[PDB]
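Notes to accompany the following structure.
Protein chains: 2
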Amino acid sequence: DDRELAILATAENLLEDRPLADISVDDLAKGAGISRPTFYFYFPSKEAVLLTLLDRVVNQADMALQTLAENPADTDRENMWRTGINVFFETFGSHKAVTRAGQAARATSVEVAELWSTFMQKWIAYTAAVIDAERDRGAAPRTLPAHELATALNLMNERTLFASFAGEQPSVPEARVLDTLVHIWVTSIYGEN
Amino acid sequence: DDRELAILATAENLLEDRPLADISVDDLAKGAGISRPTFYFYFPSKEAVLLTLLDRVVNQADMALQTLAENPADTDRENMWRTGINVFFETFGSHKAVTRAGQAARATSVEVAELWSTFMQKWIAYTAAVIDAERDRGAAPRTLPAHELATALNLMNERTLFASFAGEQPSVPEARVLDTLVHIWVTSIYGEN
Ligand SMILES: O=C(NC[C@H](O)c1ccc([N+](=O)[O-])cc1)c1ccc2c(c1)OCO2
Ligand SMILES: O=C(NC[C@H](O)c1ccc([N+](=O)[O-])cc1)c1ccc2c(c1)OCO2
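Shown next, in the form of structure tokens:
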């Protein structure tokens, strides 16, 4: 793993300064202190380096969210939603270059597309299960289908977080995004007709 | 415009069957009934053909939304939001291949990026002005900053509509998306603490 780790670290650091396209395999071996052929032993391509970096970021989010799901943080419903959204805000916000490049890679790469899609389905299914419980306990009204509600709320968070982290025009300022998303989640989940 | 129109139509029809990358300039001249050099007279590249197609779609949405904004459709607030969102649902839903390719082009093209960004700012500013009026008339509570609320709601619609039109996993079924978005808009806009 040692040289592997070094290639990974080098790729994340270089991705802070430029896109994958403008980083070469020699760039990565160089930064990792190895030759170009030795690189090809650890990874088949620079594309595969990103995949692995993205894979680690996405699992770290997912594991963090599972940790919460095993610990009912003794609190109000607004705060429960906030705490879970914040897992994503912090995890991806700590790995902006990889998030940024991983999103872009979805266009060009079926493995990146499928990884992102697999995790989104999981996070949506968990969101829906929580909405259902809130409904069964009688705290949330039976409005939209829980899964379709979960789907749009997760897609909002996806787009809105990434816009904010990349500083897009338009975007919600990074210091306002969490409140903005929590409001919309809580009002749409608990709000009646 | 006649030959121009033909190149445009040819590009939209071909984009129904494959991505821009897999369509050549000869493909477009051919379908438009002209030679390759004659193509280059009307457009500098196939990329510029998409830009123009996207430009027309985006303006058609925008004009449709301005038309609504000049005609207060005599109705309830839920229906007002629905009618405006539906402008986008129908316009872009009628031009899926161009929407789909135009989104993808944002990565590679600063002009596509800026066109999309300019229109999003306009639609967000209009959304915010309507939220403000609803607040001033006393129908909507003064919760989040109206513009940051508008920003996330528009980004949700962007992502969620496109996912649905491209049939992504995950996505809201196209026949459920409009209700799904209207619920979240109305509950977040009118919902209190
Ligand atoms: O917030 C996201 N997921 C939220 C997640 O589904 C979730 C949040 C909160 C709870 N919860 O507290 O019970 C349960 C699940 C989200 C999902 C995808 C993202 C992203 C964020 O940022 C970039 O890509
Ligand atoms: O719905 C979108 N915009 C909604 C628009 O901002 C708006 C909707 C409704 C009102 N309204 O009724 O007063 C005012 C404005 C939206 C914005 C961007 C999109 C998109 C949809 O689909 C793909 O890209």
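So the protein sequences, as listed, match chains D and V.
In terms of UniProt numbering, the numbers along the first sequence are unbroken and rise by one, the last being 215.
In terms of UniProt numbering, the numbers along the second sequence are unbroken and rise by one, the last being 215.
Beta carbons are placed, not taken as given, at the ideal position from N, Cα and C, and that holds for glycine.
Distance between residue j and residue i (C-alpha atoms, nearest Å)
i              : j              : result
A123 (chain D) : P41 (chain D)  : 7 Å
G53 (chain V)  : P59 (chain V)  : 14 Å
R164 (chain V) : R99 (chain V)  : 17 Å
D158 (chain V) : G213 (chain V) : 15 Å
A155 (chain V) : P94 (chain V)  : 13 Å
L72 (chain D)  : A33 (chain D)  : 8 Å
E196 (chain V) : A168 (chain D) : 16 Å
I107 (chain V) : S210 (chain D) : 17 Å
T149 (chain V) : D23 (chain D)  : 51 Å
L50 (chain V)  : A28 (chain D)  : 47 Å
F63 (chain V)  : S131 (chain D) : 35 Å
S46 (chain D)  : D39 (chain D)  : 13 Å
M85 (chain D)  : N101 (chain D) : 19 Å
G55 (chain V)  : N35 (chain V)  : 14 Å
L166 (chain D) : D96 (chain D)  : 27 Å
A135 (chain D) : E180 (chain D) : 14 Å
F65 (chain V)  : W138 (chain V) : 20 Å
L37 (chain V)  : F61 (chain D)  : 39 Å
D48 (chain V)  : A43 (chain D)  : 28 Å
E92 (chain D)  : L30 (chain V)  : 55 Å
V194 (chain V) : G160 (chain D) : 25 Å
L90 (chain V)  : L90 (chain D)  : 45 Å
Where residue i sits in the DSSP three-state scheme
i              : result
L166 (chain V) : coil
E214 (chain V) : coil
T60 (chain D)  : helix
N93 (chain D)  : coil
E190 (chain D) : coil
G160 (chain D) : coil
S139 (chain D) : helix
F65 (chain V)  : coil
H205 (chain D) : helix
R104 (chain V) : helix
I45 (chain D)  : coil
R40 (chain V)  : coil
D154 (chain D) : helix
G124 (chain V) : helix
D98 (chain D)  : coil
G55 (chain D)  : coil
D23 (chain D)  : coil
For residue i, the nearest candidate out of the options (CA to CA)
i              : options                        : result
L75 (chain D)  : D:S139, D:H117, D:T165         : D:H117
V80 (chain V)  : V:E112, V:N93, V:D154          : V:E112
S57 (chain D)  : D:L72, D:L73, D:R25            : D:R25
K68 (chain V)  : V:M142, V:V199, V:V120, V:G115 : V:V120
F110 (chain V) : V:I45, V:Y62, V:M178, V:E133   : V:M178
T140 (chain V) : D:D48, D:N215, D:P192, D:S46   : D:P192
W103 (chain V) : V:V152, V:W138, V:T89          : V:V152
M142 (chain V) : V:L90, V:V194, V:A83, V:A161   : V:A83
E133 (chain V) : V:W145, V:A70, V:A91           : V:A70
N215 (chain D) : D:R198, D:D201, D:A162, D:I45  : D:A162
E170 (chain V) : V:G160, V:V194, V:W145         : V:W145
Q88 (chain V)  : V:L200, V:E180, V:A147         : V:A147
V199 (chain V) : V:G115, V:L137, V:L166         : V:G115
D201 (chain D) : D:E136, D:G55, D:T105          : D:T105
beta-carbon residue i near ligand 4 non-hydrogen atom, thresh 7 Å
i              : result
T105 (chain D) : Of the ligands this structure carries, namely ligand 1 and ligand 2, none is ligand 4.
Where residue i meets chain C, residues with beta-carbon distance less than 9 Å
i              : result
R181 (chain V) : This model lacks chain C altogether, as its protein chains are D and V.
* Asked: Between the region 174-181 of chain V and the region 202-214 of chain D, are three or more C-beta pairs nearer than 8 Å?
  -> yes
* Asked: Do three or more CB pairs link the region 127-144 of chain D to the region 62-77 of chain D at distances below 8 Å?
  -> yes
* Are the region 184-194 of chain V and the region 181-192 of chain D touching, with three or more C-beta to C-beta distances below 8 Å? -> no
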